[PDB]
Amino acid sequence: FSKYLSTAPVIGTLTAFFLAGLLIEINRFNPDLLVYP
Amino acid sequence: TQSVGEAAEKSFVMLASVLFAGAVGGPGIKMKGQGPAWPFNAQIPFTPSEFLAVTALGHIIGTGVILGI
Amino acid sequence: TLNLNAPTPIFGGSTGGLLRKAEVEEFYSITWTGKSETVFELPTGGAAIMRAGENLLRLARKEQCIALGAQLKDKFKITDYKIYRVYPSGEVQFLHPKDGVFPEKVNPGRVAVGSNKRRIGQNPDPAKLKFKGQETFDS
Amino acid sequence: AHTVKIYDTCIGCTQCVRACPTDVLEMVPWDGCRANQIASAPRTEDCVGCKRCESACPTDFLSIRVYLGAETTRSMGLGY
Amino acid sequence: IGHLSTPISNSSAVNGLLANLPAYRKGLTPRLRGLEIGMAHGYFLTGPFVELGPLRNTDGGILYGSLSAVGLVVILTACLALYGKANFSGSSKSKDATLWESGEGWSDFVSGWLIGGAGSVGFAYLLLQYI
Amino acid sequence: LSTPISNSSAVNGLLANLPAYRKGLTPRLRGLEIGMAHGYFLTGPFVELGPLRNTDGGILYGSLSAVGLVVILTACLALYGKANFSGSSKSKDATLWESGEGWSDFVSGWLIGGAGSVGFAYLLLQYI
Amino acid sequence: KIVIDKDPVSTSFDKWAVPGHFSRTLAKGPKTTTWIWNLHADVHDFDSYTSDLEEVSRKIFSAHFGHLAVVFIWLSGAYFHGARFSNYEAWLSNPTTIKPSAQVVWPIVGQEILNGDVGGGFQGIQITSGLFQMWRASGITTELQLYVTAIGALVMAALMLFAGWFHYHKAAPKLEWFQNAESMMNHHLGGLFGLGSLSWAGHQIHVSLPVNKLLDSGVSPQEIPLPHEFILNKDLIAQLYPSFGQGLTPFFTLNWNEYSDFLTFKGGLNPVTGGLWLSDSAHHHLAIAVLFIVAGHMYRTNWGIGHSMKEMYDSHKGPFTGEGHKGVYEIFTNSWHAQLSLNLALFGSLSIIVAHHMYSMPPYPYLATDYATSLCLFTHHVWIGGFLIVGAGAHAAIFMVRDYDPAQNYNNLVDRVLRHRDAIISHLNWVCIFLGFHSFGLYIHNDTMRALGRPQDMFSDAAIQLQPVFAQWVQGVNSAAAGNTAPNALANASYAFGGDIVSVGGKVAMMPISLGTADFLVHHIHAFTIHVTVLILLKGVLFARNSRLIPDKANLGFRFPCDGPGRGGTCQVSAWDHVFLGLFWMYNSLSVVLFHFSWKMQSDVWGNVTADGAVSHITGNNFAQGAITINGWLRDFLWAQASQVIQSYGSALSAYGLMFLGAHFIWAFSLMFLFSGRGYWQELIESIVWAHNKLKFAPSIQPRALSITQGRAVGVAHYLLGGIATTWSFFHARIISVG
Ligand code: CLA
Ligand code: CLA
Ligand code: CLA
Ligand SMILES: CC1=C(/C=C/C(C)=C/C=C/C(C)=C/C=C/C=C(C)/C=C/C=C(C)/C=C/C2=C(C)CCCC2(C)C)C(C)(C)CCC1
Ligand code: SF4
Ligand code: SF4
């Protein structure tokens, strides 16, 4: 079953998921990261 | 009728109706060519017997359109 | 030899075929023998019927008498077809098969017209034939 | 008419000849080995320039090449 | 064949108008069969100009309107003669030698067209402005 | 008499597949579905139109008239048995209706089916 | 007869690792990067690889169940979000002021201004899909009922997806079962369509009609009894329209006039709610029930009787048609593509009728005066409706290349259409050009006479009039039918033909849409652009096999980019390019229909009515003397009514203004693909794959250009997405502000 997870589009969205998932919690955590403090 | 008369523009409706009749009433006549022929023996592609009917049919259709508008 | 008139297939139709060019210049025709009574799509619309025949049909152009044969031989297994191009208003009778054998097959006696004895990057440059009437791609 | 040139890289595969929609090309006996065959264009006056031929040559860079030239009634495919 | 066999192709009552119009007719000379065309197309062409024009409600609408109707015909007999120079290069002989295949009477067609193409035009201006 | 509703496939389906023309059924059972059919709607007129309709008692008495015609119709189905089949004379076809061959139970298959219909159809209008 | 293969293919995750396992050439591996685009096109192109007419059908029968599932998932998504994240329970208390809101935004980086002050006690995006008026019509009062539907849909969503597994991987039917079209029409009319409206009559009488008659009196959403209480309690329901005390007994003695109270023919607008009287729609769906059930006992089955369609098409043949419909039944049992084209045409054309019959006869309470929603169900279903007709033109052409057979079809109607296909197209070509001159050229005439200051010369109402006398006689005879030819109707079929205006709240539900010189002028533009979209699509179907130019277009396939630059050039000769071409014309055909509709309603029909009795409309009757020229179409419609979409910044409409720019972006991006070609963009890879080879990391899948058709297909797919989503954003942020 896990060989289906290795294919191109499922890994082109689940790594697109957590990477977009990282930007979104850190903005909810730390709003307006405009300048390096 | 901006350049003509009010009882003059009926004549276009009546004379079109004779052409509207004979264009589709003309090819419906089955036995054509029965006499009499034209007055001066003018060899013309219909008969006066037939053409009198088209002017009669045109006079009925034209009465229907003129009173219809 | 055309054998005009050979009996055309029983058709009755087609606004799309053999118009006024055929009565001023160069119409076409194709001859074959039908080995059944099967139906086929014409290049005009689709049906005629293949006769016993003697089956002739004045098509429009060369491309339609060639594409009919590549449709005939596959579907109906008949490789007897003999295309033409007409008398007075046309140019050369019997345009295919020009050798009597099919010219996709190889045959002794033919001429190698239009051969360049090189590669295509090995053609001369068009900077080298400036104001010279020699064609760049020609030997 | 269009010019159809056949280069000496032909491998006598016959693919080109069987691709032409107007029967412009044919295979002819080659003398460099007297076993293989090369394509020829004896009827270039009927070439429409569709380029179906060049799409059939297998060799990495064409053995048959179509250089569009003077247009005519026949080459334009007019049924009219 | 070449054409199609409907039940209404080549029907008689439309062929009776077809082979008796003054362009497909039998015996008319090309000076004269262009007149019956020019008498035909001219009489109605002053229709649209005089009730649909820039000025319609003036002295003045039929008069000026009908100048453009003969003013159209003169662009048509021009277009007839440029067809004559370009289709009949010396009236090159063709399969029928009609008025239309091989020329032979084209400037008699052209001059015949302009007679009714001015004659029938003002006749309606007579019939519209007067009568 | 050959056109068109004596000859159509819509009727020759429906004519043959009724239990007077069906081949497979038996005279107790093809007199039953005949009995079940005519008996079922026979309660219909009386419970709506009778000697008394606006009563309790309009469906009881209406269904009681309904089995009344049936017990005369057992007798009429048996007097077509006692007259047309006298000595059990055969004929050139000998189906159920040509000669008898099943008639003694066919008169009761109506009786089971007809009065079994009004006993069925009483609890639809008056009850439930 | 029902014949089955049992488990032809089992449950394996092993084929999921091989993409292109369905096909032949793609179950070997990619060598270029187009193999991805070679794959992803012909996935659901089922007869491209499969040769088996029975097996190609079993895939389609399964995949429809999955498509039945994804709507049910999407339906539950509407029904779930209708309970938790909606102001629905508050909206039933007050339908006039509070806007229907769902899809609440999360409180993050700045999209929390999209949860604006919509009403109630609520913050969300104001929606315009009309589920609130579809649940108020359905009888929904509590928010629990919206929850149990969603799980009730989700179990049907799961049941549909299992049924697609059960009928291909477990129990595959055969082709002799599939080809039984007569028994299929018997059930689909009978079961699906007969018992469709009967069951909805079974809903609407016992459920919708009580609780919607009470809300017209409007006692309370809480004080309306639950929908199961009107079946249990016999006294509670028979308080209103008291025929339930008579029960089913007038229905069973054929004295049907005793139900003249809930099963009626009122026929107007319900003046408190502006919608259709739900009493009528109960009688409608009841008459639709009996009409469709007796429609379903018509075709032949294994009980002898019925009409058989192979018998009906034969002996429907006349002297102008030769063989008539001989073999046309044999087409629609032997070709899915011929079925999909005809199924698509009357499916899109059906939905444009839905868009027309919903703004002029508003079916729902408080959908008519809510101009946010009564617009958006016109323009959505119109937009769906044009895309299906283009799909109807596509699969009609696909039938011609791959499925049409001239062996069976001799001298019948597909033969005689193909044997006169120039007379169709060239007369269609003429009537296209005739319509463009005498409709669009009447605007260019009207543009100039206003530019030259000659308003006595333009085509207007105070000018040379072009009066629509046929559409005013039809609008007359339909508005004078309640009482003459439809006596039992109280008012007319609609108030769009004639009659008095109706108001709900302070806004107009319906008023007679009038048709003058400016309405004649636009209705012929519709007639023009539809005839061109026909002409592109009809020529693609007819010349799909051959033409004069190419005699073997049927051999080159349905979707081949060109035949090269021969014969002067043969770029876009294929039937697919005709469907590609007709897509913009359908974009042009429909976007002017919406521009006709959304402007005619705001200036003439919709608006605020005084308590004195007259109506001041929104854009102020400008459609008479402004809509006859392009500058009036540009200024007074496009420039003026987009003043609220670009001023949307800082408000809760500010997501619409981004999309109104965001769709302007994608539409520009599509121009890059339509205006360019392949052999430029391929040779820019050659310099760039040089550079990725230069640093020793080059991909083994070598990159290539997109195919020309994929360059064409991405050029139209971004064109429509850029063009419709502009209109989607314009129509939203106009009518949410001024309505
Ligand atoms: C740039 C050169 C030019 C000029 C000077 C004009 C001038 C005119 N055009 Mg315009 N027009 C032009 C180019 C031009 N046009 C082009 C290029 C187009 C295509 C876009 C148009 C499309 C157009 C339309 C649709 C119409 C005009 C009309 C008019 C006339 C308005 C006033 C009028 O009718 O008085 C009233 C006087 C008359 C009608 C009679 C005036 C004299 C006529 C034209 C000639 C009489 C016969 C003459 C002896 C011989 C023929 C003349 C010919 C050989 C030049 C005016 C004569 C209108 C019109 O009335 O058409 C006639 C009109 O409907 N034009
Ligand atoms: C016969 C046509 C027909 C019409 C005009 C209606 C009309 C209506 N339906 Mg109903 N319905 C029908 C049949 C119809 N129904 C059928 C066959 C089903 C089972 C699939 C349903 C199941 C149903 C449900 C579940 C609901 C409705 C609702 C409604 C109302 C909402 C508006 C709408 O649906 O758009 C109008 C639709 C059309 C104009 C297109 C008609 C489509 C059918 C298939 C046409 C059949 C062809 C017909 C013989 C010839 C007409 C051709 C063309 C003129 C339409 C409206 C009164 C809703 C409601 O209750 O509102 C209060 C609702 O919730 N309908
Ligand atoms: C706004 C830009 C535009 C315009 C004006 C046109 C025009 C046309 N398209 Mg085209 N089309 C367009 C964009 C446009 N298209 C785009 C973007 C695409 C890509 C999808 C296409 C793809 C397309 C296809 C696939 C087809 C068309 C066809 C047509 C013709 C339709 C018939 C017609 O109305 O003739 C009448 C002409 C007009 C209405 C043009 C305006 C003429 C004005 C009003 C009158 C002229 C004034 C004056 C006399 C001019 C000369 C003055 C001077 C001599 C002094 C028409 C010429 C179709 C066709 O050819 O059918 C036969 C067809 O099949 N087009
Ligand atoms: C309704 C209709 C129709 C009709 C229409 C048309 C066809 C029309 C046309 C008409 C026309 C179109 C007419 C004509 C007329 C003309 C006239 C009547 C004129 C006159 C002329 C003249 C008079 C001339 C002469 C002259 C000259 C040449 C010069 C010298 C002097 C003069 C002046 C003498 C049809 C059948 C289709 C169909 C049905 C419907
Ligand atoms: S020209 Fe091309 S196809 Fe023809 S023989 Fe040579 S290599 Fe083969
Ligand atoms: S260009 Fe086309 S027609 Fe000419 S030889 Fe090549 S394939 Fe044949």
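The numbers here are math on the coordinates, done by the rules we state, and not lab data. When we count neighbours, we look across all protein chains shown, and the Cβ atoms used for this are built from the backbone with ideal geometry, even at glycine.
A few remarks follow.
- Each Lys and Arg Cβ is given +1 and each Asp and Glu Cβ -1; about its Cα centre, segment E:12-129 then shows a dipole of about 260 debye.
- Each Cα pair under 8 Å and six or more residues apart adds its sequence gap; the mean of these over the residue count of segment G:42-168 is a relative contact order of 37 percent.
- Pairwise FRET efficiency - G:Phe665 versus G:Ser129, Cβ, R0 = 25 Å, nearest 0.05: 0.45
- Global geometry of segment G:478-632, whether rounded, prolate or oblate, following the gyration tensor of its Cα atoms and the 1.5 cut on a/c: prolate
- Charged-residue dipole, Cβ positions (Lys, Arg, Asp, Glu), the protein assembly as shown about Cα centre, Debye nearest 20: 3580 debye
- Antiparallel %, DSSP beta bridges [both residues in chain G], to 5: 85 percent
- Of the residues G:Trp728, G:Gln702, G:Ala717, the one whose Cα sits farthest towards the positive end of the charge dipole of segment G:659-739 is G:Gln702 (charges of +1 on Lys and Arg Cβ, -1 on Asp and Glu Cβ, taken about the Cα centre).
- Cα gyration tensor shape of segment C:1-113, rounded if a/c is under 1.5, else prolate or oblate by comparing a/b with b/c: oblate
- An ellipsoid equivalent to chain G, defined through the eigenvalues of its Cα gyration tensor, has semi-axes of 44, 36, 31 Å when rounded to whole angstrom and sorted largest first.
- Ratio Rg/Rh, restricted to segment G:438-543 and using Cα atoms, in which Rh is the Kirkwood radius: 1.13
- For the protein assembly as shown, average projected area of the Cα convex hull in nm²: 77.1 nm²
- Length-normalised contact order for chain G - Cα pairs under 8 Å, 6+ apart - percent: 12 percent
- Semi-axis lengths (Å, descending) of the ellipsoid that matches the C-alpha gyration tensor of segment B:13-69: 24, 11, 8
- Sorting the segments G:488-498, G:680-690 by their residues' average number of neighbouring beta-carbon atoms within 10 angstrom, most packed first, yields G:488-498, G:680-690.
- Computed over segment C:17-139: relative contact order in percent, which uses C-alpha pairs under 8 Å that are six or more apart: 22 percent
- Neighbour counts of other Cβ atoms within 10 Å put G:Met156, G:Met298 in the fewest-to-most order G:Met298, G:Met156.
- Whole-angstrom gap from segment F:58-89 to segment G:91-143, using each part's C-alpha centre: 73 Å
- The phi-based Karplus calculation (6.51 cos²θ - 1.76 cosθ + 1.60; θ = phi - 60°) puts the 3J(HN,Hα) values of segment C:4-15 at 9, 9, 7, x, 5, x, 6, 10, x, x, 6, 3 Hz, whole numbers, x for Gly and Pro.
- Unit Cα scatterers, Debye sum, segment E:12-129: log10 I(q)/I(0) for q = 0.12, 0.17, 0.20, 0.22 Å⁻¹: -0.51, -0.85, -1.02, -1.11
- Average partner coverage of D:6-15, which counts Cβ from other chains inside 10 Å: 3
- Percent of Cα pairs exceeding the 29 Å cut-off, where the set is segment G:50-209: 39 percent
- FRET E, pair E:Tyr83, G:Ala423, Förster distance 30 Å, beta-carbon r, rounded to 0.05: 0.65
- Centre separation in Å (Cα based) which lies between segment A:2-34 and segment C:82-104: 69 Å
- Site pair G:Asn334 and A:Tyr36 shows an inter-label distance of 7.4 nm when each label is modelled 7 Å from Cα along Cα→Cβ.
- Applying a DSSP loop filter and a limit of 11 other Cβ atoms within 10 Å to the chymotrypsin sites (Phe, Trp or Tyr not before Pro) in segment G:222-313 leaves G:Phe252, G:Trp303.
- Over segment G:93-134, the reciprocal of the mean inverse Cα-Cα separation, the Kirkwood hydrodynamic radius, stands at 10.9 Å.
- Neighbour-count ranking [beta-carbon atoms within 10 angstrom, fewest first] of G:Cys562, D:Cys47, E:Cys79: E:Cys79, G:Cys562, D:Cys47
- Partners of C:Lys117 within straight-line reach, counting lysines whose Cα lies under 20 Å from its Cα and excluding those fewer than 8 residues away in the same chain: C:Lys128, D:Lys5.
- Value at 222 nm in deg cm²/dmol, rounded to 500, when DSSP H runs of n ≥ 4 in chain G each add -39,500 (n - 2.57): -15500 deg cm²/dmol
- Just so you know, the Rg over Rh for chain D is 0.99, from Cα atoms, with Rh as the Kirkwood radius.
- For the peptides G:107-114, G:367-374, residues were scored by their other Cβ atoms within 10 Å and the scores averaged per peptide; the highest-first order is G:367-374, G:107-114.
- Separation of alpha-carbon centers, segment G:566-612 and segment G:455-497, rounded to whole Å: 25 Å
- Nonlocal amide H pairs with G:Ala509, under 5 Å, H built at 1.01 Å: G:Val502, G:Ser503, G:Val504
- Residues G:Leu263, C:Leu129 arranged by fewest to most Cβ contacts within 10 Å: C:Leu129, G:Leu263
- Inter-chain shielding of G:107-113 (mean C-beta neighbours from other protein chains, 10 Å cut-off): 2
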